[PDB]
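No value in this document is a laboratory result; all are computed from the given coordinates. In this analysis, Cβ positions are derived from the backbone assuming ideal geometry, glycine residues included, and neighbour counts consider all displayed protein chains.
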Amino acid sequence: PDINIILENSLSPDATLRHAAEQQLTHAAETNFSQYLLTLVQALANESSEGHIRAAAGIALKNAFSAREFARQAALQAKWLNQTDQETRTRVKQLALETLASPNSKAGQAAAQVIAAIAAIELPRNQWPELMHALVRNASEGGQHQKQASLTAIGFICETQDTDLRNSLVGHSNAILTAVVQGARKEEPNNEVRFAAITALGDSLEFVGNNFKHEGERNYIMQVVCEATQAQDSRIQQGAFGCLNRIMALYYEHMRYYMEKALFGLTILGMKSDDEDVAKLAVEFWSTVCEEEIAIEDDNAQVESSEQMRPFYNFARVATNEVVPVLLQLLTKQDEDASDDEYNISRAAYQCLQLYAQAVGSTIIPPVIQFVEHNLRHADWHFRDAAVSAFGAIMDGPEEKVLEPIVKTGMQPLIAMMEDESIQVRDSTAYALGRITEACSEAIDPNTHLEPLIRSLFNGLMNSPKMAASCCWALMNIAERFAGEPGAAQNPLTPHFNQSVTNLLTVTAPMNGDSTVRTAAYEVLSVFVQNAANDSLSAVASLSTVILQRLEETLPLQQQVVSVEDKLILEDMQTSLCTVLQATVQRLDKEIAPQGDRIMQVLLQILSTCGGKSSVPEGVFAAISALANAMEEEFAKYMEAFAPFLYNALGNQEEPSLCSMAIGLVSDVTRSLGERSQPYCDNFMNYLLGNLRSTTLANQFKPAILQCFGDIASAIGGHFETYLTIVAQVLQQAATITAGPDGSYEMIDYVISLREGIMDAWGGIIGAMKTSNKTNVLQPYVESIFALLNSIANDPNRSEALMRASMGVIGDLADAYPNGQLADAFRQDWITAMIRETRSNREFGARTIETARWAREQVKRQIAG
């Protein structure tokens, strides 16, 4: 009754009464948790209540002692274990179990969720010994709904990726597998049961298959799945194909026999189904195959020894002649009405086609080219659009050499497609041209195709918003690919540069145009500037003034902001303008100096009006960083005005992204200004050291902060002795932070990044103490430096930057203590091995290998005193 109204209000669209209800529930769970549980499970078990109420009760009950988040989950589970009595637990368990039999599907499903949540707690501790036997019995003997719900509960329990729960289930493995497979068979008269069973099998794959190691279980599962894919019922088909997709994703290596035997034909049939949902799943099957094989191809490529090769069966390659024509056919099933990023069959097919091209390379070209030639001039826009889409789709993957003559042949017709009636065809054409430029710019000859290509893309950008993004993307690719050589006076786009800048400035000129088009076009302008040649420098200079003028004009615009939309639009404008400004600053370098005063004036004025969640301060900082790098010691005059803004960004960790940017700015300023930045470094150190005081061990800012220590040390030299005791202390502590015996990828990466920071820090410090003739005061820390060097050497987890920095420090140490004071520590074998490994890695860059060579030489000059 009351709980019915609280639950109904809990689902209410009015957030005031919804939040009110949520508060009532939370309060109820706080005042008497056990009674809260009883009330909810009783409402769930009540056959006189509506399904959605019962489901709501069951969900709330589930959430009373379960959560996705680790810590929440720890706390809530503890509530089930230690804040209930056995009578309440027994009651909740029994009522939940009984509700599985309910003819109301929503109540049954909810009860399955409840049971899974309880099982996750009790089964590892063996506190519900009756459960799995009861579920298996229900799944085999129950009425329709009891079967459905119990199968669902079994699936929920088996899918739970928890080692202890899995292990507790081990003894029930065959009984569970038998129950779900037998439930899924066509001999099962009830289609509802079959769907529940095949779904449960899919959820239980990791568990019941025993990792598919044994042929009997394998054939058992594969037989029923293949059978279910050709079931008359659409839902059963869907469950089957979803199951099949997970099987392929998990057990590719076991699939050869089954692929040849049935999967090939089954998925072909599935892709051509009249039901869009199973068609989607069947296309996804081949997307999964392609993804796997792309990964395998890549891994087997990077491998030196064939014993390291992963099993590879070339499924996609073999299947090309059957699957690709179907995919192309599905490209013609566009829904012009459908929303954006709505995943329909046509976009699914396109994704698959892309992956297919990567997976099989040149093999995909003849069926696609046949399709493109047939349909490029079709009367139905569906087929023309499909044709150009397909063409662009296969640009990334096959041998460039093979594509070059096809691109050359198809360049002019594809450009002509930009004048198609259909806006869909024009958009797909623009994107395809971007794909082409990106993958095969070499095949595009400037003198012949460049000008019309650019003209058509700009024509599209300036007159047709629907294709603006695609045009912008293509244009950016072109600017990137036709950039010319470093130091060059001209590149192919240079005679088009001024016109291009004019066009981009024109389309971004309205204050009422589409904000997304404005943003996209500004990005284009940025990339054009970045890749501009020296003949265009005066134009870039002129552009920087226009951009500056527009930036200045946003300041009174800021004043007119009323709505949140106004705010967002203004912030995108300023962020885009800062991006372009940044581009001109970097491109002009020293030549930017005459506009330095104007730049800092408007940028600081923009900072003073920023606040809250905004992308603007970060863009401003990026532009300022550019100006500091360009003007160097000339930038010092802006430090009086700018430093307090920098300090404030540094001290505010509640804006993580800006804080990180601020730390990067300190590195920029100290490196760009050098010793001229020394008077500000005590303030820097105070903020940096202040940041290090945390309740978080893996402080996200620490790696960059340590790198920053290195830059400051270089800038202030002998001054750094003031900070040596503290910083060395921090560096030594940081060196002990590791991912542990079984760490995540994120923590492994964090530690690699951290140790990059540490090594940079030591590097700057060693240099500072050497040049100030203070190697005596550095001497006590040298042993800890070698210790870390050795730790890095003995850890197969590393980055190129880390090894480079390590080589650098080894060399620095040799310089700092000449005439063989460290000859002993250097002649150690792990040192030599470390350096030799670094110099001999052909995958490393030139900087690193040169640094490794310097390290070797530095070592050698140490051995003999």
>> Checking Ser456 against (1) surrounded by fewer than 21 Cβ atoms within 10 Å (Cβ to Cβ); (2) in a helix (DSSP H, G or I); (3) of a type outside the set (A, V, I, L, M), only one condition comes out false. Which one?
In response: (1)
> So, in the range 499-518, of the ones that are assigned to a helix (DSSP H, G or I) and of a type in the set (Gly, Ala, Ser), which residue ends up nearest to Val540 (Cα to Cα)?
Replying inline: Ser500
>> Could you tell me how many of the residues in the range 726-743 are closer than 19 Å to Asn797 by Cα, touching a residue at least 12 places away in the same chain (Cβ under 8 Å) and β-branched (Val, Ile, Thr)?
In response: 2
> Which condition breaks for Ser12 when tested against (1) free of Cβ contacts under 8 Å to residues at least 60 places away in the same chain; (2) touching a helix residue (DSSP H, G or I) at 6+ places or on another chain (Cβ under 7 Å); (3) crowded, with 17+ Cβ neighbours inside 10 Å?
Replying inline: (3)
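Please go through the range 826-865 and pick out each residue that is among the hydrophobic types (A, V, I, L, M, F, W, C) and touching a residue at least 40 places away in the same chain (Cβ under 8 Å). Give the derivation first.
Pass one, the range 826-865, residues among the hydrophobic types (A, V, I, L, M, F, W, C): 826, 830-831, 833-835, 844, 846, 849, 852, 854-855, 859, 863-864.
Within the range 826-865, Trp830, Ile831, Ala833, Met834, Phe844, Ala852, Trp854, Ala855, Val859, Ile863, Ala864 meet the criteria.
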>> Here are the criteria: (1) surrounded by 14 or more Cβ atoms within 10 Å (Cβ to Cβ); (2) of a type in the set (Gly, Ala, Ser); (3) assigned to a helix (DSSP H, G or I). Tell me which single one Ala787 does not satisfy.
In response: (1)
>> Go through the range 321-340 and report how many residues are buried (at least 20 other Cβ atoms within 10 Å of the Cβ) and either more than 20 Å from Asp275 (Cβ to Cβ) or in contact with a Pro (Cβ under 9 Å, 6 or more places away or on another chain) (or both).
In response: 2
>> Looking at the range 103-128 only, could you name the residues that are assigned to a helix (DSSP H, G or I) and either over 26 Å from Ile53 (Cα atoms) or of a type in the set (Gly, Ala, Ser) (or both)?
In response: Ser105, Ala107, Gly108, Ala110, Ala111, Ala112, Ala116, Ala117, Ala119, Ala120, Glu122
> Is it the case that the range 553-567 has a residue that's touching a residue at least 24 places away in the same chain (Cβ under 8 Å), surrounded by 15 or more Cβ atoms within 10 Å (Cβ to Cβ) and closer than 20 Å to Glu451 by Cα?
Replying inline: no
> Can you spot a residue in the range 383-390 that is free of Cβ contacts under 8 Å to residues at least 60 places away in the same chain, crowded, with 22+ Cβ neighbours inside 10 Å and within 27 Å of the chain's Cα centre (by Cα)?
Replying inline: yes
> Going by the structure shown, is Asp711 in a helix (DSSP H, G or I), over 24 Å from the mean Cα position of the chain (by Cα), of a type in the set (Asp, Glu) and surrounded by 14 or more Cβ atoms within 10 Å (Cβ to Cβ)?
Replying inline: yes
>> Return the residues of the range 498-530 that are polar (S, T, N, Q) and either in contact (Cβ under 8 Å) with a residue 24 or more places away in the chain or surrounded by 19 or more Cβ atoms within 10 Å (Cβ to Cβ) (or both); say none if nothing qualifies.
In response: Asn498, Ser500, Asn503, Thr506, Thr508, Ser515, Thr516, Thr519, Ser526, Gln530
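Which residues, taken from the range 213-263, are among the polar types (S, T, N, Q) and either under 21 Å from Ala316 (Cβ atoms) or not in a helix (DSSP H, G or I) (or both)? Can you show your working first?
Quick first cut of the range 213-263, residues among the polar types (S, T, N, Q) only: 219, 223, 229-230, 232, 234, 237-238, 245.
Within the range 213-263, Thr229, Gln230, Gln232, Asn245 qualify.
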>> Condition check: assigned to a helix (DSSP H, G or I) and under 28 Å from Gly710 (Cβ atoms). Does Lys590 satisfy that?
In response: yes
>> Of the conditions (1) more than 13 Å from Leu551 (Cα to Cα); (2) part of a helix (DSSP H, G or I), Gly619 satisfies every one except a single condition; which number is it?
In response: (1)
> Taking the range 807-865 as the search range and keeping residues that are of a type in the set (A, V, I, L, M) and not in a helix (DSSP H, G or I), which one is nearest to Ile792 (Cα to Cα)?
Replying inline: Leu822
> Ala649 passes all but one of (1) crowded, with 16+ Cβ neighbours inside 10 Å; (2) within 14 Å of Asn686 (Cα to Cα); (3) over 31 Å from the mean Cα position of the chain (by Cα); which number fails?
Replying inline: (3)
>> Suppose we keep only residues that are basic (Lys, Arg) and touching a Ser or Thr at 6+ places or on another chain (Cβ under 9 Å) within the range 309-339. Which one would you say is nearest to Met255 (Cα to Cα)?
In response: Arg317
>> For the range 736-752, give me the residue count where each residue is out of contact with any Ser or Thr (no Cβ under 8 Å at 6 or more places or on another chain) and in a helix (DSSP H, G or I).
In response: 6
> Filter the range 519-539 for residues that are in a loop (DSSP other than H, G, I, E, B) and hydrophobic (A, V, I, L, M, F, W, C); which is nearest to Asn459 (Cα to Cα)?
Replying inline: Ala532
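Could you check the range 105-130 and list, in sequence order, the residues that are more than 16 Å from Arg166 (Cα to Cα), over 36 Å from the mean Cα position of the chain (by Cα) and surrounded by fewer than 24 Cβ atoms within 10 Å (Cβ to Cβ)?
Correct list: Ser105, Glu130.
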>> Looking for something assigned to a helix (DSSP H, G or I) and either over 24 Å from the mean Cα position of the chain (by Cα) or surrounded by fewer than 15 Cβ atoms within 10 Å (Cβ to Cβ) (or both) - is there at least one such residue anywhere in the range 286-296?
In response: yes
> How many residues are surrounded by fewer than 16 Cβ atoms within 10 Å (Cβ to Cβ), polar (S, T, N, Q) and in contact with a helix residue (DSSP H, G or I) (Cβ under 9 Å, 6 or more places away or on another chain) if we restrict to the range 157-190?
Replying inline: 5
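Is it the case that some residue within the range 348-360 is surrounded by 19 or more Cβ atoms within 10 Å (Cβ to Cβ), among the polar types (S, T, N, Q), closer than 24 Å to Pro398 by Cα and touching a residue at least 40 places away in the same chain (Cβ under 8 Å)?
There is at least one residue in the range 348-360 that is surrounded by 19 or more Cβ atoms within 10 Å (Cβ to Cβ), among the polar types (S, T, N, Q), closer than 24 Å to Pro398 by Cα and touching a residue at least 40 places away in the same chain (Cβ under 8 Å).
Run down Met769, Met747 and say which single residue is crowded, with 22+ Cβ neighbours inside 10 Å and of a type outside the set (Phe, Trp, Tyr).
Sole residue among the options that is crowded, with 22+ Cβ neighbours inside 10 Å and of a type outside the set (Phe, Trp, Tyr): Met769.
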> Mind checking which residues of the range 533-574 are β-branched (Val, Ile, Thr) and under 16 Å from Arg598 (Cβ atoms)?
Replying inline: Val540, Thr545, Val546, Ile547, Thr554
